[PDB]
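Let me give you the structure first, and then I'll get to my questions.
Letters are used for the chains, namely A, B, C, D, E, F and G, taken in the order the chains are written, and counting of residues starts over at 1 for each.
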Amino acid sequence: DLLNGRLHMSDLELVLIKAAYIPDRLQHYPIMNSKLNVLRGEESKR
Amino acid sequence: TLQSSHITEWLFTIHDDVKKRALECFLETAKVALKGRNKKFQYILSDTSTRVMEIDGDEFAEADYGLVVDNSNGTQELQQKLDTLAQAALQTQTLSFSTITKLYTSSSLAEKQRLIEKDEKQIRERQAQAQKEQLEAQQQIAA
Amino acid sequence: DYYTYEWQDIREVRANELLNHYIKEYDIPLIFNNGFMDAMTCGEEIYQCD
Amino acid sequence: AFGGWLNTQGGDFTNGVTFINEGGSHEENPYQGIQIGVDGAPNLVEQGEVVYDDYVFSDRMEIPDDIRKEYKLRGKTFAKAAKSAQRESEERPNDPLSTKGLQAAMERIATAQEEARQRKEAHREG
Amino acid sequence: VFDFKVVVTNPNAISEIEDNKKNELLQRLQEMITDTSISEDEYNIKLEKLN
Amino acid sequence: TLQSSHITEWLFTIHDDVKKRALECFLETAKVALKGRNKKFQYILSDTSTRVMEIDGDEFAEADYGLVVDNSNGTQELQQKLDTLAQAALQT
Amino acid sequence: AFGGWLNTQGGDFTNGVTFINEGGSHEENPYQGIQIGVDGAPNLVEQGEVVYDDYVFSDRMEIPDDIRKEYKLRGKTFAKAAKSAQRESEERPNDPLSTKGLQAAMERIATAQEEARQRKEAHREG
């Protein structure tokens, strides 16, 4: 779900929400995808 | 990008065994589909290849028959060596053009090894008889 | 032409003719690419042949 | 067609026993049988007999109790004895061990039928 | 690049059911040029093409 | 910028399988249009290619007969081999 | 023109059966029936008969009930019985199974028309 742009807030903290708003939820920034796409893009070119 | 490409080489090396073992396991699956009255296999195979199932034990893993699925540098250095030898037999008038295209379109290193040894043997008996024909023609005009 | 062949060469042509068609038919390289992404995510790269 | 075959996963797999059903007896059939081939050209089989490697196990005969205690037969008939020696190997046509077990089980009831064939012609002649 | 050519996957693998179909098709062409050629005028012309 | 073209190579590999399967599906649609009384296919096909339709196997897929649409590096190496073979055989 | 054809999607797909209509009977036609071609060179057909693989299913004949029970026909005429066995194969002219099931079903009515023909010529001779 991190590769598909879903941040689970129960996974990076304790929760004391469910609705899709950055005042109380958190925005996910896809920075892991580019490093994985090198390597599945290099296996295509071997 | 040679010393950075070694950090992820642990990942491709385990990956290049699952490609090996899923292609060994795919081959044993295809060996059982042969004995299942499928008429696709009489189009993708030759006349000898359809009959390897009559000879017994086709139910036993091909690694017990001397065959492995292999992507190594031993396969790739054998593959380039049998082709540059084939162009070196193309010149010096040793290998035909009809059999060079059989080497180019074989995908097997046993098929393309037996093709080189056959056409070298085919012309060597032709040069033996033509030297024999010109010697015996010399004596009968002499006789 | 089949007299100069040996039994381990007849088996290798039968095996390679199966794999050369079915890699090209199913596009088996792209089956191996989508499993490599599950390798770098799960650590598990699982394939079924039936 | 369910007779001695395993049609699973899109293929038609067999173990070698050819169940010859659905046809009828040699007298009740207008073609006098099923006529599986031309070799002996008129090779006629009926609704009950089975074939394993061009050898036919007849459904018309019976099992003498001398030839049941030895050779360890199971069916009441020679055809029903070959239908019980392939019950393991019907569901596993591609096994190495079951094919060795089927080739040896058919080679017993081959000699068990030929001894009953030789016994019947000797008593009928004498 | 764009060369999506239909290729034979095993070009050195010819069987009997392939050869019975080539033998049927080559007998189909001979019924054509027997009918469409007018009394040996182009009969040896079309035969050189299908040779 | 070669090591950036690896990043977007996941995007071009799913593309060419779609194009390969669309041309296997286009070859099959083009095959059924052959037996539909169309005089265009006489012009773009040869003498013998129209008679392949008359043989009793054509209704199934060409991938079942050993023929696949393929743009890999297997055929681009092979097409380059047969052209240098043609030029080396033109001379001599 | 609807007769045994499926003229859909700009192409004219057939299953082989030639529904020969619109002409007239052999006496009601000035040209003695529609002519399929030249082979006997006068190959004459009429408004009722159908052709599959150069075999004409006659419309003037009838169906004997003994020829109806075996071979399992439907129509009152032999040509009307070919118009019900091809009814499946009209909507799928390129289906591989339906071209097998048509070539089998047109073969039965052809031999059923032959057995009606040898019965009719022998009874009129006697």
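Heads up, the rule we're going with is that a contact is a pair of C-beta atoms (placed from the backbone, for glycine too) under 8 Å apart; a residue touches a chain by one contact, two chains touch by 3 or more.
Asker: Write down the chain pair with more C-beta contact pairs when A-C is set against B-E.
Answerer: B-E
Asker: From the C-alpha centre of chain D to that of chain E, how far is it in Å?
Answerer: Centres of chain D and chain E (C-alpha means) sit 47 Å apart.
Asker: Distance-wise, how many Å sit between the C-alpha centres of chain F and chain G, to the nearest whole number?
Answerer: Result: the chain centres lie 41 Å from each other.
Asker: In whole angstrom, what separates the CA-based centres of chain B and chain F?
Answerer: Each chain's C-alpha centroid was found; their separation is 25 Å.
Asker: List, in ascending order, every residue of chain G touching at least 2 other chains.
Answerer: Chain G, residues with two or more chain partners: not present.
Asker: Would you give the residues of chain C that are in contact with at least 2 other chains, written as numbers and ranges?
Answerer: In chain C, the residues touching two or more other chains are 17, 20-21, 24-25, 32-33, 36, 40, 50.
Asker: By the document's touch rule, what are all the touching chain pairs in this structure?
Answerer: Chain-chain contacts present: A-B, A-C, A-F, B-C, B-D, B-E, B-F, C-E, C-F, E-F, F-G.
Asker: Residues of chain E touching chain B in their complex?
Answerer: Of all residues in chain E, those touching chain B are 9-18.
Asker: Which of the residues in chain E come into contact with chain F in the complex?
Answerer: It comes out as residues 1-10, 13, 21, 24-25, 28-29, 49-50.
Asker: Applying the document's contact rule, which stretches of chain C touch chain B when the two form their complex?
Answerer: So the residues of chain C touching chain B come out as 1-2, 4-5, 8-22, 28, 32, 35-36, 39-40, 45, 47, 49-50.
Asker: Which of the residues in chain G end up touching chain F in this complex?
Answerer: So the residues of chain G in touch with chain F come to 11-13, 94-96, 99.
Asker: Where on chain C is chain F touching in the complex?
Answerer: It is residues 21, 24-25, 27, 30, 33 of chain C that touch chain F.
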